[PDB]
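Only one structure is covered here, and it is reproduced in the block below.
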Amino acid sequence: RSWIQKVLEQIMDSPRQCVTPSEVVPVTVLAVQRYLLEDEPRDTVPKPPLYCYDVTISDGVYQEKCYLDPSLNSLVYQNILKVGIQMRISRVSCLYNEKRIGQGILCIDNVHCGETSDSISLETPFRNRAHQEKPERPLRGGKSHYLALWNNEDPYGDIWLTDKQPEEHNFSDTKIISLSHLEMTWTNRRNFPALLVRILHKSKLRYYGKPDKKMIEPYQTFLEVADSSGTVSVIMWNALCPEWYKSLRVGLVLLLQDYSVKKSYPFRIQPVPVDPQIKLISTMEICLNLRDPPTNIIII
Amino acid sequence: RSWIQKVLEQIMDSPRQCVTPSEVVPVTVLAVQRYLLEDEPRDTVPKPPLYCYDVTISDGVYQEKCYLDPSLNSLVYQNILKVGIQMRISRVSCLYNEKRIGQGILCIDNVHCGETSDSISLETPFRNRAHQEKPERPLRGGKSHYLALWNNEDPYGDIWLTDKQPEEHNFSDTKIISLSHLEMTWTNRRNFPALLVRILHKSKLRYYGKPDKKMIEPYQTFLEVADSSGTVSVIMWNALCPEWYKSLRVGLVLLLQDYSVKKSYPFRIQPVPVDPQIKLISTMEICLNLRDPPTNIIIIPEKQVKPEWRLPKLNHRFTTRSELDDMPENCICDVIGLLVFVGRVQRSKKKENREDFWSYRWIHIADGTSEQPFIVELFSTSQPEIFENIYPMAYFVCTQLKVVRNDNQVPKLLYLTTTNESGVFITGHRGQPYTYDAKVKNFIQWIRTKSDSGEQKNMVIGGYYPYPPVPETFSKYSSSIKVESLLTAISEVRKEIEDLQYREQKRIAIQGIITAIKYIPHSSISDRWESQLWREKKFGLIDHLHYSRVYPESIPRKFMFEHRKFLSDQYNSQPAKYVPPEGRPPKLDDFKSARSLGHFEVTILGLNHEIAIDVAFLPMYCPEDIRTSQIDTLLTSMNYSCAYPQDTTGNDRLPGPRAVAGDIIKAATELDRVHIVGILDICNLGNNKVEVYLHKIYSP
DNA sequence: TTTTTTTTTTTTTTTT
């Protein structure tokens, strides 16, 4: 029927064993994504690559998202393994994700990348429906996500939403304080009242996901919002960035609640704003983590 | 001479200096009192432990109270440093409590806790007589106090006084305004006059003490009081709970005179009164703070109570099992019944603070109105004397029980839970505190009928009882759990086991294939099955976890009134202070096992055939349940009733334990190369005894 | 860079 089906049926019952596919049929690359290579043993002298790749090889019948053995990342560093190319898989292995309920994953272990295909079909069905889940995620890991193919400062994938719209939050009985008020009183305020800030500068994304530490969405952005005269470098943590980054533009009046206040990071460099009359509060910074109710960030 | 005195003289003139003692002879622990770790530098990268412990060692000549170095707190966390153990001190250091005038405090910087001591002499004197003072207080820090060794809601120590008896006070010249009038005029008047109220609900203690804060005995208890003109929420502030808490109880007419009325708290809710006629005051709250002349609270005796005042009467929403079957969820109720089972005192981590725990235990209260027992999740209600010493065959009465219901699962879950303002009372024979209520009289009538009829309900105590049974399909089980934490890795399991604390319970799910199940006749044709997959992959396993061991304390044991004290102590929380055992105690294997089957051992090879584990299967269902189909499958751990058999009298024809064991093994064998999802139960029984019992096998 | 929840607070004026 298809090369994908034959190899999967041949290697499904032998996880973590390398078997040359019964038949070597050229397969078209339809996608190449990059994500962190956590869960690998960092005890080997040649520390495994900091990132791994997933390639969506497509046969005539189906296309099944595979896993590229990190030892093959050289073919992607040189861009020899690109989308639209034809390659002949030479070695495969089956791996099962122990944090998800699903079928085996084809583990590409040796390829012979050729040339661009004559006919690429974007309508070939997906053999495993799990691979077709709309919030696309990497094959390995529980709550993993794909990074941008080359740089780490560019949003990529479906985790990044643009659905946020202005909301009319009534200010009937909202306790709004000034940034200077926290500056003077933030070490005694058991509860930090609401705030009404406006974005002045939005920073570029920053990925701090190391391979050994277990973190979810290690994405962090610094926003210089200024309420009244004061200005502080608010910093969004964890999975808050991929829910508000593609939506928040400079000049949006944010209403931040259920936030945290801490000491300014030692190596932080707060940028001077255009207006000099303002106060540059550089002692404390407001951290916005994802609270269970979606009231922490509301734009008016 | 004494090793204690040798070491003290050795390191008395070198404060805060780590000095290995000249000679190390084992010392005997006699107590472990916990209190808050304050006045230490918290800037350190390894944030100081939130709590520190004092260990009262003895050396045969003198017994001296020592301050364990917080770096060793893990030993107490895992219950390795018990009471009555032969620890050996490897390092010692002095320290002077500058807030007090005394001697040095022998600091145990490093220790090698060993085995139990055969000579636990609590008659030895105290080298530092200051340590042997009537109010037992911590070594370091001003007017510090001790907390309960495990939770923060259990009163502990000697500060908790219990000698407040009713006093006759003449109300002449007193105003005793109505609560509604106070609500109207508490923002204008300056001198709030007296109030005559009756306690309707008494809540558990709340410890809000934080480190490096100048707080003295930070306890607060919430009392709901009602008069003939509504009810209000009364709150007792620090330093008042210690003197009054153990004495105040529901149904006491109080005369509060010098209080402070505030705006009330929006983050705390006021419980609805049992009688709806009582108007509820929510915009007002009364705060009782300790005053110089202790007159702000007076326990007016009932004799002085005049009907003219028309004080509200303490009512109760007593419920029976049949009625509870028809009550919606979150419908508070009261239960009176006979304790036909008691479970271990397990602990759960507070969601607010990672270093605080809740002490809870399951009890099957029962009555004559139905054949199923009240399943009550009894959290600690700041009543350790009753909570810790609860035993079957006792008439038990709780005060405020919220109803909890879950109908999604095939085994419809219907268990009650204790609320913040709940209370526990053990009753004796005819209703002692609540005789008047008709339901209590009916319960007593049923008790007498059972006694004269020669019928005795089966009794059990302690054991492995994971009450909440996982649903019949893995999809419904995962409907509540997040996808990222739904499953784990057989390799990661080891860390999960090694992370638990004393009696901390955890449930995990692991993906694998059953490879070999073995039957172990527990009490006093095929019992072992091996899979060809196992015979092939057994030599290529990275790490074969071995946790298929069942401890003697995880087997529920039929209760016996004669051995009540021993049975209770074998399942309560670890005592803070040693107490010599009367005569000789029996063997924990000397009691009949309430279970009716032998435990199996299940081997699970992960999906990748690299890692393996050996869990232990401990079903609690009897063959009658199998015959009547009260079990979803033979690989589950509980029947639908979630209760032990009562007066088993129908096993003459039913298949015996061996037949059911063979059926279980065959059912396991049906799953040869099927990716199953086991559900394990990880409970640490202290002293590095972690039980990992299988709960359910979700097949595709 | 990561990082969550909890409460604590006492006191000498008005008369029209």
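Here's how to read the names in the structure tokens: chain A, B, ... by the order shown, residue numbers from 1 in each chain, ligand numbers from 1 in the order shown.
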(request) Pull out every residue of chain C that has at least one atom within 12 Å of chain B, counting only C-alpha atoms (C1' of nucleotides), and report them as a VMD selection string. (result) chain C and resid 4 to 14
Generate the output file for the selected residues, C-alpha atoms (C1' of nucleotides), as a PDB file, in the first residue's frame.
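Generated file (out-v9.pdb):
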```
ATOM      1  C1'  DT C   4       2.813  29.513  45.064  1.00  0.00           C
ATOM      2  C1'  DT C   5      -0.833  30.808  49.173  1.00  0.00           C
ATOM      3  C1'  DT C   6      -3.635  32.388  53.996  1.00  0.00           C
ATOM      4  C1'  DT C   7      -5.379  37.823  58.855  1.00  0.00           C
ATOM      5  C1'  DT C   8      -4.776  40.375  61.408  1.00  0.00           C
ATOM      6  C1'  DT C   9      -5.186  46.039  64.116  1.00  0.00           C
ATOM      7  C1'  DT C  10      -5.147  49.254  68.614  1.00  0.00           C
ATOM      8  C1'  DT C  11      -7.558  52.687  70.941  1.00  0.00           C
ATOM      9  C1'  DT C  12     -11.087  58.626  77.013  1.00  0.00           C
ATOM     10  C1'  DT C  13     -15.668  62.728  74.328  1.00  0.00           C
ATOM     11  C1'  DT C  14     -19.561  65.474  73.713  1.00  0.00           C
TER      12       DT C  14
END
```
(request) Identify every residue of chain B that has at least one atom within 12 Å of any atom of chain A, counting only C-alpha atoms, and report the result as a PyMOL selection string. (result) chain B and resi 213+474-475+478+482-492+508-512+533+536-537+540+605-611+673-677+700
Each residue of chain A with at least one atom at most 9 Å from chain C should appear once, together with its nearest atom pair and the corresponding distance in Å (one decimal); atoms considered: only C-alpha atoms (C1' of nucleotides); ordering: chain, then increasing residue number; output as a tab-separated table.
```
residue	atom	partner	partner_atom	distance
A:208	CA	C:1	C1'	8.4
A:237	CA	C:2	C1'	7.8
A:238	CA	C:2	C1'	8.6
A:265	CA	C:1	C1'	7.7
```
Residue neighbourhood residue 89 (chain B), 9 Å, only C-alpha atoms (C1' of nucleotides), exclusion window fewer than 2 positions, as a PDB file with N, CA, C and O atoms, in the first residue's frame:
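Ended up saving to part.pdb:
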```pdb
ATOM      1  N   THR B  20      33.430  17.508  66.001  1.00  0.00           N
ATOM      2  CA  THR B  20      33.152  16.083  66.123  1.00  0.00           C
ATOM      3  C   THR B  20      33.414  15.667  67.567  1.00  0.00           C
ATOM      4  O   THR B  20      34.501  15.927  68.094  1.00  0.00           O
ATOM      5  N   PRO B  21      32.460  15.024  68.241  1.00  0.00           N
ATOM      6  CA  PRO B  21      32.674  14.681  69.650  1.00  0.00           C
ATOM      7  C   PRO B  21      33.796  13.668  69.813  1.00  0.00           C
ATOM      8  O   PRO B  21      34.074  12.865  68.921  1.00  0.00           O
ATOM      9  N   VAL B  24      31.603   8.666  70.689  1.00  0.00           N
ATOM     10  CA  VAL B  24      30.226   8.572  70.212  1.00  0.00           C
ATOM     11  C   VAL B  24      29.630   7.295  70.788  1.00  0.00           C
ATOM     12  O   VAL B  24      29.993   6.189  70.373  1.00  0.00           O
ATOM     13  N   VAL B  25      28.716   7.440  71.736  1.00  0.00           N
ATOM     14  CA  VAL B  25      27.957   6.332  72.305  1.00  0.00           C
ATOM     15  C   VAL B  25      26.484   6.582  71.998  1.00  0.00           C
ATOM     16  O   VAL B  25      26.010   7.712  72.168  1.00  0.00           O
ATOM     17  N   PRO B  26      25.724   5.576  71.546  1.00  0.00           N
ATOM     18  CA  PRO B  26      24.333   5.833  71.150  1.00  0.00           C
ATOM     19  C   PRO B  26      23.505   6.486  72.245  1.00  0.00           C
ATOM     20  O   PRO B  26      23.615   6.126  73.420  1.00  0.00           O
ATOM     21  N   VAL B  27      22.672   7.448  71.861  1.00  0.00           N
ATOM     22  CA  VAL B  27      21.744   8.099  72.773  1.00  0.00           C
ATOM     23  C   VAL B  27      20.327   7.744  72.349  1.00  0.00           C
ATOM     24  O   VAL B  27      20.071   7.343  71.210  1.00  0.00           O
ATOM     25  N   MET B  87      19.919   6.709  68.082  1.00  0.00           N
ATOM     26  CA  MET B  87      20.705   7.560  67.204  1.00  0.00           C
ATOM     27  C   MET B  87      22.113   7.745  67.759  1.00  0.00           C
ATOM     28  O   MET B  87      22.341   7.692  68.970  1.00  0.00           O
ATOM     29  N   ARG B  91      28.300  14.895  64.992  1.00  0.00           N
ATOM     30  CA  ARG B  91      28.760  16.271  65.082  1.00  0.00           C
ATOM     31  C   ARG B  91      27.911  17.006  66.105  1.00  0.00           C
ATOM     32  O   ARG B  91      26.729  16.705  66.279  1.00  0.00           O
ATOM     33  N   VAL B  92      28.521  17.974  66.781  1.00  0.00           N
ATOM     34  CA  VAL B  92      27.846  18.720  67.838  1.00  0.00           C
ATOM     35  C   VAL B  92      28.354  20.151  67.824  1.00  0.00           C
ATOM     36  O   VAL B  92      29.509  20.406  67.470  1.00  0.00           O
ATOM     37  N   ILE B 108      22.554  19.110  67.189  1.00  0.00           N
ATOM     38  CA  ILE B 108      22.869  17.863  66.501  1.00  0.00           C
ATOM     39  C   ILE B 108      23.059  18.153  65.019  1.00  0.00           C
ATOM     40  O   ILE B 108      22.094  18.147  64.248  1.00  0.00           O
ATOM     41  N   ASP B 109      24.302  18.405  64.609  1.00  0.00           N
ATOM     42  CA  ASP B 109      24.559  18.771  63.219  1.00  0.00           C
ATOM     43  C   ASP B 109      24.513  17.564  62.290  1.00  0.00           C
ATOM     44  O   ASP B 109      24.103  17.693  61.133  1.00  0.00           O
ATOM     45  N   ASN B 110      24.933  16.392  62.766  1.00  0.00           N
ATOM     46  CA  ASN B 110      24.927  15.182  61.957  1.00  0.00           C
ATOM     47  C   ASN B 110      24.596  13.993  62.846  1.00  0.00           C
ATOM     48  O   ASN B 110      25.053  13.910  63.988  1.00  0.00           O
ATOM     49  N   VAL B 111      23.799  13.069  62.310  1.00  0.00           N
ATOM     50  CA  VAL B 111      23.289  11.954  63.101  1.00  0.00           C
ATOM     51  C   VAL B 111      23.195  10.692  62.253  1.00  0.00           C
ATOM     52  O   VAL B 111      23.230  10.753  61.020  1.00  0.00           O
ATOM     53  N   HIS B 112      23.081   9.541  62.918  1.00  0.00           N
ATOM     54  CA  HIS B 112      23.034   8.245  62.245  1.00  0.00           C
ATOM     55  C   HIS B 112      21.931   7.373  62.839  1.00  0.00           C
ATOM     56  O   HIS B 112      22.182   6.245  63.276  1.00  0.00           O
ATOM     57  N   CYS B 113      20.707   7.899  62.887  1.00  0.00           N
ATOM     58  CA  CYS B 113      19.568   7.197  63.470  1.00  0.00           C
ATOM     59  C   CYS B 113      19.603   5.705  63.159  1.00  0.00           C
ATOM     60  O   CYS B 113      19.753   5.312  61.998  1.00  0.00           O
TER      61      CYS B 113
END
```
(request) With a distance cut-off of 10 Å and only C-alpha atoms (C1' of nucleotides), select the neighbouring residues of residue 131 (chain A), excluding the residue or stretch itself and same-chain residues fewer than 3 positions from it, and output the selection as a ChimeraX atom specification. (result) /A:56,63-66,102,126-128,134-139
(message) Need the shell around residue 195 (chain A): protein/DNA/RNA residues with any atom at most 12 Å away, counting only C-alpha atoms (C1' of nucleotides). Skip same-chain ones fewer than 6 positions apart. Format as a PyMOL selection string?
(response) chain A and resi 171+174-182+225-228+230-232+234+253-260+286+296-300
(request) Report the residues of region 4-228 of chain A whose backbone DSSP state falls under alpha helix (DSSP H), written as a list in words. (result)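 DSSP on the backbone gives alpha helix (DSSP H) at residues 4, 5, 6, 7, 8, 9, 10, 11, 74, 75, 76, 77, 179, 180, 181, 182, 183 and 184 of chain A.
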(request) Record the distance separating CA of residue 432 (chain B) and CA of residue 393 (chain B), expressed in Å with one decimal. (result)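 Here the two named atoms are 15.8 Å from each other.
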(request) For CA of residue 161 (chain A) and CA of residue 247 (chain A), quote the distance in Å rounded to one decimal. (result)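 Computing the Euclidean distance for CA of residue 161 (chain A) and CA of residue 247 (chain A) yields 7.5 Å.
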